[PDB]
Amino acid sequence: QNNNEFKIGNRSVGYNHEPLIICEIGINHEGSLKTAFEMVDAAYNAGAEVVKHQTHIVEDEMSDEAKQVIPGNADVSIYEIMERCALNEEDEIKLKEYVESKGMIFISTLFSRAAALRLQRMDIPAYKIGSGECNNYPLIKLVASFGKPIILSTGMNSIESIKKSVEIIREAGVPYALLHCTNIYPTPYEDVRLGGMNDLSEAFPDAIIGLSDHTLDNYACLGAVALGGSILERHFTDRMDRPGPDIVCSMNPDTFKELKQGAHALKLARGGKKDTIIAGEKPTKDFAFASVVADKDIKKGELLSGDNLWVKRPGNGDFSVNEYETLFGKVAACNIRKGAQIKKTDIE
């Protein structure tokens, strides 16, 4: 597909690299460090490489209008949800340290200037911009100025809209990924449109391409790997019985382990070319391909024809089935036995 790559800390991402699964803890901790650490533990023990947070600072990310508006996956205002779930700066610094103490990478999504600046003080190795902020060009400008790679989700946005964000990122000269995404919690399979990933790669040839997903299972992400995706994001929980608006579409340790295994298999299986010769098929080719044989007894001097020739396994005859018609009209140099392979010496 392509050779685009960049590093998130010491981890290379790109088509020629192992896909990267981002375990999005997000707001799943419901504002509790005990719960957050239990989820980091679970991620670690499952084999995760990256844990992503959401950095919410209620007053800088929302005006008072947000106290009147309810998201699709809750029955209270988005302001109330964020007031309940948001970690303060001190606590989020502890979370980052904890994630790093487990040898994993910590990144986060910012939803405001104040959050961008907080994350820069913490010096995270890459910045996630959520689909809601994909068209937030002032915020994109700010984050791109930080000098680190950007992972940009592109739900709810057209190629045209995304173009302006990519323009800002390139000007700042940082590498970037684009994740195709659909922001319904949860998302039905029919709304995923994996082909959206192809649209993105075509429009933005220098982007690393992946999928951020909110379906109920791993199928969409697995398809994404097959199509060439390099980054996969699902929300993550230690257990599915947890409360919270995003828990329903979250993976857990077991399903994370499944995705990691599948992603590895599909990283190996994907791409390549039809005409590539595969050495291990040789024993099959040698028995399975056909050679030209006599379909009847043929007397010396008689002409070979489609009437007295046919083809049979295996492939070690002097004449391959590919050469069948070329023997038509040749002259038997000797008597030929029905069922025998036609030999070079059997023809004049």
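Numbers follow the displayed sequence, beginning with 1.
In this crystal structure, the stretch out of 265-273 and 194-202 whose C-alpha atoms carry the higher mean B factor is 194-202. For the pair 296-304 and 62-70, the record assigns the higher mean C-alpha temperature factor to 296-304.
As recorded in the PDB entry, 322 shows the highest C-alpha B-factor of the residues 32, 55, 28, 322. In the deposited coordinates, the residue among 216, 224, 247, 156 with the greatest CA B-factor is 156. Sort the chain's modelled residues by C-alpha temperature factor and residue 14 lands in the lowest third, per the entry. When the modelled residues of the chain are ordered by their C-alpha B factor, residue 309 lands in the highest third. In this PDB entry, residue 170 carries a Cα temperature factor that places it within the middle third of its chain's modelled residues.
Sort the chain's modelled residues by C-alpha temperature factor and residue 110 lands in the highest third, per the entry. In the PDB entry, a CA B factor belonging to the highest third of its chain's modelled residues is recorded for residue 120.
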